[PDB]
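Naming: A, B, ... by sequence-line order, numbering from 1 per chain.
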Amino acid sequence: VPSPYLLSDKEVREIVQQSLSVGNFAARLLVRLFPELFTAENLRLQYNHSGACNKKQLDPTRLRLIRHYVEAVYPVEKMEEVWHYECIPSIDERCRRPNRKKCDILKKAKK
DNA sequence: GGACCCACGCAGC
DNA sequence: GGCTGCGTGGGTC
């Protein structure tokens with residue numbers, strides 16, 4: 001039974017063409033595969049890839065799918081390190097990214 | 001209240 | 001006293 005989260009070759013290519021780095025590709029796949037976390041409710045703020053820091057854990061099956069697409073597209077010579085040090089931190093940064101930077105909230109507080 | 005990306009000091013572990 | 005994600009801010013678009 002094929003998964004409904006699967007992306008066509010054309011869809012993957014359109015995401016790759018916008019990706020600045022393999023880490024950014026992982027983050028873009030995260031947004032595409034977890035739409036429920038990227039609504040105006042920002043449920044993403046309650047999740048990270050592992051459940052560390054007393055947060056909820058991203059669906060392990062879709063996290064494996066992100067890694068599958070990363071490994072199907074990008075170089076694999078150092079894939080363990082790319083996943084651990086580039087893709088995982090990019091995924092977590094995308095979940096926790098504030099809609100407004102603290103320095104901008106305070107800079108407007110003068111206006 | 002721009003959206004977005006990634007580097008990096010830090011606290012908790 | 002190293003490793004893991006958070007909070008943060010410089011920077012590009």
Requested in this report: Check whether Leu33(A) and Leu6(A) end up in the same hydrophobic cluster, where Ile, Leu, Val, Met, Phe, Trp and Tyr are linked by side-chain heavy atoms less than 4.5 Å apart.
Outcome: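 Yes, one cluster joins them.
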
Is there side-chain contact between [X] and [Y], with heavy atoms separated by less than 4.5 Å?
X: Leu30(A); Y: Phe38(A); result: yes
X: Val12(A); Y: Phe25(A); result: yes
X: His68(A); Y: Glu71(A); result: no
X: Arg32(A); Y: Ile15(A); result: yes
X: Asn48(A); Y: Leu58(A); result: no

Query raised in the report: With a cut-off of under 6.0 Å to the ring centre and 45° to the axis, is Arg44(A) in cation-pi contact with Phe34(A)?
Result: no

Taking distance alone, no hydrogens or angles, what donor-acceptor pairs closer than 3.5 Å link side-chain atoms of residues 73-90 of chain A to residues at least two apart or in another chain?
unit_1	atom_1	unit_2	atom_2	d
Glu80(A)	OE1	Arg67(A)	NH2	3.2
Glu80(A)	OE2	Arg67(A)	NH2	3.1
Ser90(A)	OG	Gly23(A)	O	2.8

Query - Separation of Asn24(A) CG from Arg94(A) CZ (nearest 0.5 Å) - result: 10.0 Å

Query - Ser50(A) OG to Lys56(A) NZ distance, which is reported to the nearest 0.5 Å - result: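 Spacing of OG (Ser50(A)) from NZ (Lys56(A)) equals 15.0 Å.
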
Query raised in the report: Can you check whether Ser50(A) has a side-chain N or O nearer than 4.0 Å to OP1 or OP2 of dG5(C)?
Result: yes

Query - Side-chain N,O (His84(A)) to OP1/OP2 (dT4(C)) below 4.0 Å - result: yes

**Report entry** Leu29(A): which of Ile91(A), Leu65(A), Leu7(A) passes side-chain contact (heavy atoms from CB on, under 4.5 Å)
**Finding:** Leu7(A)

Send over the distance from [X] [atom1] to [N] [atom2], rounded to a whole Å.
X: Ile88(A); N: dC6(C); atom1: CD1; atom2: P; result: 11 Å
X: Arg94(A); N: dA3(B); atom1: CZ; atom2: P; result: 11 Å
X: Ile91(A); N: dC5(B); atom1: CD1; atom2: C1'; result: 15 Å
X: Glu86(A); N: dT4(C); atom1: CD; atom2: P; result: 14 Å
X: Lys56(A); N: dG5(C); atom1: NZ; atom2: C1'; result: 18 Å
X: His49(A); N: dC3(C); atom1: NE2; atom2: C1'; result: 12 Å
X: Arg97(A); N: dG2(B); atom1: CZ; atom2: P; result: 16 Å

Requested in this report: With heavy atoms under 4.0 Å as the rule, sort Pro89(A) into base, sugar-phosphate or nothing.
Outcome: nothing

Distances under 3.5 Å between protein N/O atoms and the N/O atoms of nucleotides 11-13 of chain C, please, pair by pair.
unit_1	atom_1	unit_2	atom_2	d
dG11(C)	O6	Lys101(A)	NZ	2.9

Query raised in the report: Do any N or O atoms from the side chain of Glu41(A) and from the backbone of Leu37(A) form a donor-acceptor pair under 3.5 angstrom?
Result: no

**Report entry** Residue-level proximity of residues 19-48 of chain A to DNA chain C when a heavy atom falls under 4.0 Å
**Finding:** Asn48(A)

**Report entry** Within residues 102-111 of chain A, residues whose heavy atoms come under 4.0 Å of DNA chain C
**Finding:**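 Going residue by residue through residues 102-111 of chain A, the ones with a heavy atom under 4.0 Å of DNA chain C turn out to be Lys102(A), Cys103(A).
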
Close N/O contacts between protein and nucleotides 7-13 of chain B (under 3.5 Å):
none

Requested in this report: Walk me through it: do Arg28(A) and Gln18(A) pass the test side-chain contact (heavy atoms from CB on, under 4.5 Å)?
Outcome: CA-CA 9 Å; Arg28(A) 284 174 172 280; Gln18(A) 294 177 84; 3.6 Å; yes

Report task. Based on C1'-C2'-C3'-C4', put the sugar of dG1(B) on the north side (positive) or the south side (negative). Result -> south

List the atom pairs, with distances to 0.1 Å, where a side-chain N or O of residues 104-111 of chain A and a protein N or O form a donor-acceptor pair under 3.5 Å, not counting sequence neighbours.
none

